[PDB]
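Here the structure comes first, spelled out in C-alpha coordinates, and everything after it is commentary.
Counting convention: from 1, in listed order, for ligands and their atoms alike. All values below come from the heavy atoms of this structure, side chains included, with hydrogens, waters and symmetry mates left out. Positions are given from 1, in the same order as the sequence printed here.
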Amino acid sequence: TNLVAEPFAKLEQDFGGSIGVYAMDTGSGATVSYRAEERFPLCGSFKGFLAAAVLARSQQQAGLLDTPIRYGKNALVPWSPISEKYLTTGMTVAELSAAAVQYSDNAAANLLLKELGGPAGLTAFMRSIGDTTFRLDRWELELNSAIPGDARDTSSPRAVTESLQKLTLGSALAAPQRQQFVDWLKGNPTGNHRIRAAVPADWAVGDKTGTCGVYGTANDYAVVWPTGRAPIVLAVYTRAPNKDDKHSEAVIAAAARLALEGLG
Ligand SMILES: C[C@@H](O)[C@@H](C(=O)O)[C@H]1CC(SCCNC=N)=C(C(=O)O)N1
(Lines give C-alpha, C1' and ligand atoms only; values in the text may rest on other atoms or scores of the structure.)
Protein backbone atom coordinates (compact mmCIF):
# COMPACT_ATOMS: atom_id res chain seq x y z
CA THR A 1 0.00 0.00 0.00
CA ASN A 2 3.03 2.33 0.41
CA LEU A 3 3.64 2.23 -3.41
CA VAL A 4 -0.10 2.75 -4.09
CA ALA A 5 -0.42 5.64 -1.63
CA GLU A 6 2.75 7.67 -2.11
CA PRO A 7 1.76 9.51 -5.34
CA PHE A 8 -1.59 10.49 -3.76
CA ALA A 9 0.20 11.85 -0.68
CA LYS A 10 2.48 13.90 -2.92
CA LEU A 11 -0.52 15.24 -4.85
CA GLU A 12 -2.46 16.36 -1.78
CA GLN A 13 0.63 18.00 -0.26
CA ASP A 14 1.14 20.15 -3.37
CA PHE A 15 -2.63 20.86 -3.37
CA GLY A 16 -2.41 21.92 0.28
CA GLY A 17 -5.27 19.75 1.50
CA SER A 18 -6.65 16.24 1.66
CA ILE A 19 -7.73 13.97 -1.20
CA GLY A 20 -9.86 10.83 -0.86
CA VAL A 21 -10.08 8.22 -3.62
CA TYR A 22 -11.76 4.86 -4.18
CA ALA A 23 -11.93 2.95 -7.47
CA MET A 24 -13.44 -0.46 -8.20
CA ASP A 25 -12.97 -2.68 -11.26
CA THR A 26 -16.39 -4.35 -11.50
CA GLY A 27 -15.10 -7.34 -13.47
CA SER A 28 -12.10 -8.45 -11.39
CA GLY A 29 -12.92 -6.82 -8.06
CA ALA A 30 -9.57 -5.01 -7.95
CA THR A 31 -9.58 -1.70 -6.07
CA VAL A 32 -7.47 1.38 -5.38
CA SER A 33 -7.96 3.22 -2.07
CA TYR A 34 -6.60 6.39 -0.49
CA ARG A 35 -8.30 7.92 2.57
CA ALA A 36 -11.26 5.92 1.27
CA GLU A 37 -13.07 5.70 4.62
CA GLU A 38 -12.62 9.34 5.66
CA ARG A 39 -15.58 11.70 5.44
CA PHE A 40 -15.70 14.49 2.86
CA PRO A 41 -18.51 17.01 2.19
CA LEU A 42 -20.87 15.96 -0.59
CA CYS A 43 -21.62 19.44 -1.94
CA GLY A 44 -23.65 19.06 -5.14
CA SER A 45 -22.57 15.47 -5.69
CA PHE A 46 -25.59 14.40 -3.64
CA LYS A 47 -27.79 15.47 -6.56
CA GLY A 48 -26.93 12.32 -8.53
CA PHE A 49 -28.09 10.14 -5.65
CA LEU A 50 -31.18 12.35 -5.34
CA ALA A 51 -32.16 11.59 -8.95
CA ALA A 52 -31.57 7.88 -8.30
CA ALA A 53 -33.84 8.06 -5.22
CA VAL A 54 -36.60 9.62 -7.33
CA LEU A 55 -36.20 6.93 -10.00
CA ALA A 56 -36.33 4.23 -7.33
CA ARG A 57 -39.52 5.71 -5.89
CA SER A 58 -41.07 5.61 -9.38
CA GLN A 59 -40.75 1.81 -9.16
CA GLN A 60 -43.29 1.94 -6.30
CA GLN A 61 -45.42 4.86 -7.56
CA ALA A 62 -46.37 4.54 -11.22
CA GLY A 63 -46.41 7.90 -12.94
CA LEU A 64 -44.29 9.70 -10.32
CA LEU A 65 -41.85 10.96 -12.96
CA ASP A 66 -44.69 12.65 -14.90
CA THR A 67 -46.07 14.47 -11.81
CA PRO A 68 -46.24 18.26 -12.35
CA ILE A 69 -44.56 20.46 -9.73
CA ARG A 70 -45.92 24.02 -9.93
CA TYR A 71 -43.79 26.16 -7.65
CA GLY A 72 -43.63 29.78 -6.58
CA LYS A 73 -40.74 32.29 -6.53
CA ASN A 74 -39.82 31.25 -2.96
CA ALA A 75 -38.64 27.87 -4.24
CA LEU A 76 -35.88 29.60 -6.17
CA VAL A 77 -32.48 29.72 -4.51
CA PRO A 78 -29.07 30.73 -5.93
CA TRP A 79 -27.81 28.73 -8.92
CA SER A 80 -31.15 27.54 -10.32
CA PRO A 81 -30.62 28.18 -14.05
CA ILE A 82 -33.27 25.75 -15.33
CA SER A 83 -35.99 26.04 -12.69
CA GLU A 84 -35.76 29.86 -12.88
CA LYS A 85 -37.01 29.72 -16.49
CA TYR A 86 -40.08 27.53 -15.83
CA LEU A 87 -41.45 29.52 -12.88
CA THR A 88 -44.33 30.61 -15.14
CA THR A 89 -45.33 27.01 -16.07
CA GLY A 90 -43.96 24.40 -13.67
CA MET A 91 -41.77 21.36 -14.24
CA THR A 92 -42.38 17.65 -13.86
CA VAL A 93 -40.48 15.44 -11.45
CA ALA A 94 -38.42 13.91 -14.28
CA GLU A 95 -37.60 17.34 -15.75
CA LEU A 96 -36.44 18.55 -12.32
CA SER A 97 -34.32 15.41 -11.89
CA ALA A 98 -32.56 16.02 -15.22
CA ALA A 99 -31.89 19.62 -14.19
CA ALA A 100 -30.49 18.60 -10.78
CA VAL A 101 -28.06 16.12 -12.38
CA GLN A 102 -26.92 17.96 -15.50
CA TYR A 103 -27.03 21.59 -14.31
CA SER A 104 -26.71 21.04 -10.54
CA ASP A 105 -29.90 23.15 -10.26
CA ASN A 106 -30.38 24.00 -6.57
CA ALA A 107 -34.11 24.81 -6.60
CA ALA A 108 -34.77 21.58 -8.48
CA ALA A 109 -32.77 19.71 -5.83
CA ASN A 110 -34.74 21.28 -2.97
CA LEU A 111 -38.09 20.59 -4.71
CA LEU A 112 -37.15 16.93 -5.14
CA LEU A 113 -35.93 16.71 -1.54
CA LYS A 114 -39.34 18.07 -0.45
CA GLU A 115 -41.04 15.32 -2.47
CA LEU A 116 -38.89 12.68 -0.68
CA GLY A 117 -39.54 14.01 2.85
CA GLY A 118 -36.52 16.30 3.14
CA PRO A 119 -32.82 15.55 3.57
CA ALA A 120 -33.83 12.73 5.94
CA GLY A 121 -35.76 11.12 3.08
CA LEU A 122 -32.72 10.97 0.83
CA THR A 123 -30.64 9.54 3.70
CA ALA A 124 -33.33 6.88 4.19
CA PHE A 125 -33.12 5.91 0.52
CA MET A 126 -29.35 5.54 0.81
CA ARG A 127 -29.80 3.32 3.88
CA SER A 128 -32.23 1.21 1.83
CA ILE A 129 -29.46 0.26 -0.62
CA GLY A 130 -27.09 -0.65 2.20
CA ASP A 131 -25.16 2.63 2.45
CA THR A 132 -24.65 3.39 6.15
CA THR A 133 -22.08 6.19 5.62
CA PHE A 134 -23.99 8.73 3.52
CA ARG A 135 -25.77 11.46 5.45
CA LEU A 136 -27.65 14.49 4.17
CA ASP A 137 -28.73 16.75 7.02
CA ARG A 138 -29.46 20.15 5.46
CA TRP A 139 -30.96 21.70 2.33
CA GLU A 140 -29.46 23.90 -0.36
CA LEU A 141 -27.55 26.04 0.20
CA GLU A 142 -26.69 25.45 3.87
CA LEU A 143 -25.35 21.96 3.13
CA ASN A 144 -22.32 23.50 1.33
CA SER A 145 -20.73 24.99 4.46
CA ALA A 146 -18.01 22.29 4.50
CA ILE A 147 -16.75 23.29 7.96
CA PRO A 148 -13.68 21.32 9.15
CA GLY A 149 -14.72 18.53 11.53
CA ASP A 150 -18.44 18.62 10.64
CA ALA A 151 -19.87 15.23 9.63
CA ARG A 152 -23.16 16.70 8.38
CA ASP A 153 -23.74 16.38 4.63
CA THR A 154 -20.80 14.02 4.09
CA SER A 155 -19.96 10.57 2.84
CA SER A 156 -16.78 8.60 2.16
CA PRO A 157 -15.17 7.84 -1.22
CA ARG A 158 -15.69 4.09 -0.70
CA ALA A 159 -19.37 4.45 0.19
CA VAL A 160 -20.00 6.79 -2.76
CA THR A 161 -18.40 4.29 -5.16
CA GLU A 162 -20.22 1.29 -3.70
CA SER A 163 -23.59 3.06 -3.91
CA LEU A 164 -22.91 4.33 -7.43
CA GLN A 165 -22.13 0.75 -8.53
CA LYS A 166 -25.43 -0.55 -7.09
CA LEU A 167 -27.46 2.15 -8.83
CA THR A 168 -25.80 2.18 -12.28
CA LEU A 169 -24.76 -1.47 -12.71
CA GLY A 170 -26.49 -3.50 -9.98
CA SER A 171 -30.09 -4.40 -9.23
CA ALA A 172 -31.31 -1.31 -7.32
CA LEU A 173 -32.94 0.29 -10.38
CA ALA A 174 -35.05 -1.55 -12.94
CA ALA A 175 -33.76 -1.39 -16.52
CA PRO A 176 -35.69 1.71 -17.75
CA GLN A 177 -34.84 3.70 -14.62
CA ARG A 178 -31.24 2.46 -14.69
CA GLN A 179 -30.70 3.56 -18.28
CA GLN A 180 -32.29 6.95 -17.54
CA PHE A 181 -29.89 7.45 -14.62
CA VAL A 182 -26.88 6.38 -16.71
CA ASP A 183 -27.98 8.67 -19.55
CA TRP A 184 -28.27 11.65 -17.20
CA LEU A 185 -24.76 11.00 -15.86
CA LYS A 186 -23.26 10.42 -19.33
CA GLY A 187 -24.78 13.64 -20.65
CA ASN A 188 -23.64 15.72 -17.70
CA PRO A 189 -21.44 18.56 -19.07
CA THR A 190 -20.08 20.01 -15.78
CA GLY A 191 -17.17 17.62 -15.25
CA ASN A 192 -15.03 17.93 -18.38
CA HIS A 193 -11.96 18.95 -16.34
CA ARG A 194 -12.39 16.34 -13.60
CA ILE A 195 -12.56 12.51 -13.93
CA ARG A 196 -13.38 12.82 -17.65
CA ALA A 197 -10.01 14.50 -18.28
CA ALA A 198 -8.22 11.33 -17.08
CA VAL A 199 -10.13 8.94 -19.38
CA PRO A 200 -9.30 8.15 -23.04
CA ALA A 201 -11.76 9.89 -25.36
CA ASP A 202 -12.96 6.57 -26.84
CA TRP A 203 -14.39 5.50 -23.46
CA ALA A 204 -17.79 6.65 -22.23
CA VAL A 205 -18.00 8.36 -18.84
CA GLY A 206 -20.96 9.31 -16.67
CA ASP A 207 -20.28 11.60 -13.75
CA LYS A 208 -21.66 14.04 -11.18
CA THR A 209 -19.61 16.92 -9.75
CA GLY A 210 -19.83 18.96 -6.57
CA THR A 211 -18.23 22.34 -5.72
CA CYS A 212 -18.92 23.74 -2.24
CA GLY A 213 -17.16 27.07 -2.94
CA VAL A 214 -15.22 27.12 0.37
CA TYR A 215 -12.49 25.15 2.16
CA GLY A 216 -11.02 23.87 -1.18
CA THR A 217 -13.87 21.36 -1.13
CA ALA A 218 -14.84 19.74 -4.45
CA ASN A 219 -15.34 16.29 -5.91
CA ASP A 220 -16.48 14.01 -8.73
CA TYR A 221 -17.72 10.43 -8.99
CA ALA A 222 -18.06 8.45 -12.19
CA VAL A 223 -18.69 5.24 -14.04
CA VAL A 224 -16.23 4.56 -16.88
CA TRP A 225 -16.96 2.11 -19.70
CA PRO A 226 -13.69 0.94 -21.30
CA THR A 227 -14.47 -0.61 -24.66
CA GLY A 228 -15.11 -4.34 -24.45
CA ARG A 229 -14.16 -4.55 -20.77
CA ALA A 230 -15.94 -4.44 -17.43
CA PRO A 231 -16.83 -0.91 -16.23
CA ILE A 232 -14.99 0.97 -13.50
CA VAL A 233 -16.62 3.00 -10.73
CA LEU A 234 -14.67 5.67 -8.87
CA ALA A 235 -14.97 8.67 -6.57
CA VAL A 236 -12.53 11.55 -5.91
CA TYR A 237 -13.17 14.03 -3.07
CA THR A 238 -11.09 16.97 -1.78
CA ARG A 239 -11.02 19.46 1.09
CA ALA A 240 -8.55 21.94 2.55
CA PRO A 241 -8.05 23.58 5.96
CA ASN A 242 -8.61 27.29 5.20
CA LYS A 243 -11.98 28.80 4.26
CA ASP A 244 -10.46 30.64 1.27
CA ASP A 245 -8.36 27.71 0.01
CA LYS A 246 -9.18 27.18 -3.66
CA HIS A 247 -10.42 23.90 -5.04
CA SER A 248 -8.57 22.42 -8.00
CA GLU A 249 -10.11 20.55 -10.91
CA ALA A 250 -6.58 19.60 -12.02
CA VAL A 251 -5.96 17.82 -8.71
CA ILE A 252 -9.19 15.83 -9.14
CA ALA A 253 -8.21 14.78 -12.68
CA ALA A 254 -4.68 13.84 -11.56
CA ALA A 255 -5.98 11.73 -8.66
CA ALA A 256 -8.49 10.05 -10.98
CA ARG A 257 -5.63 9.17 -13.33
CA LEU A 258 -3.52 7.71 -10.51
CA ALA A 259 -6.45 5.52 -9.45
CA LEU A 260 -7.39 4.35 -12.95
CA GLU A 261 -3.75 3.46 -13.85
CA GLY A 262 -3.31 1.49 -10.57
CA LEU A 263 -6.27 -0.91 -11.04
CA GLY A 264 -4.64 -3.56 -13.20
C1 LIG B 1 -24.42 25.02 -5.54
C2 LIG B 1 -22.92 25.04 -5.69
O3 LIG B 1 -22.34 24.96 -4.43
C4 LIG B 1 -22.44 23.85 -6.57
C5 LIG B 1 -22.79 22.46 -5.91
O6 LIG B 1 -23.99 22.13 -5.71
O7 LIG B 1 -21.87 21.66 -5.59
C8 LIG B 1 -23.01 23.90 -7.87
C9 LIG B 1 -22.21 24.88 -8.85
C10 LIG B 1 -21.46 24.07 -9.64
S11 LIG B 1 -21.44 24.40 -11.42
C12 LIG B 1 -20.02 23.58 -12.20
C13 LIG B 1 -19.29 24.56 -13.11
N14 LIG B 1 -18.13 23.88 -13.70
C15 LIG B 1 -16.88 24.59 -13.94
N16 LIG B 1 -15.92 23.98 -14.44
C17 LIG B 1 -21.66 22.65 -9.16
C18 LIG B 1 -20.95 21.42 -9.67
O19 LIG B 1 -19.71 21.30 -9.54
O20 LIG B 1 -21.62 20.50 -10.20
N21 LIG B 1 -22.81 22.53 -8.48
What I want to know is whether [X] and ligand 1 share at least one N or O pair that is separated by under 3.5 angstrom.
X	answer
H193	no
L141	no
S104	yes
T211	yes

Interfacing atoms of ligand 1 (cut-off 4.0 Å, heavy-atom, [X]):
X	answer
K208	20 (O)
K47	5 (C), 6 (O)
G44	5 (C), 6 (O), 7 (O)
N106	1 (C)
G210	7 (O), 19 (O)
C43	7 (O)
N144	3 (O)

Inset, instruction - Please assess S58 against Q177 for the test side-chain hydrogen bond (donor to acceptor under 3.5 Å, both in side chains), listing each intermediate value before the final yes or no. - result: CA-CA 8 Å; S58 80; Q177 281 88 347; 3.1 Å; yes

Inset, instruction - Give the residue and atom name of whichever protein heavy atom lies nearest to atom 15 (C) of ligand 1, and the separation in Å to one decimal. - result: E249 OE2, 4.2 Å

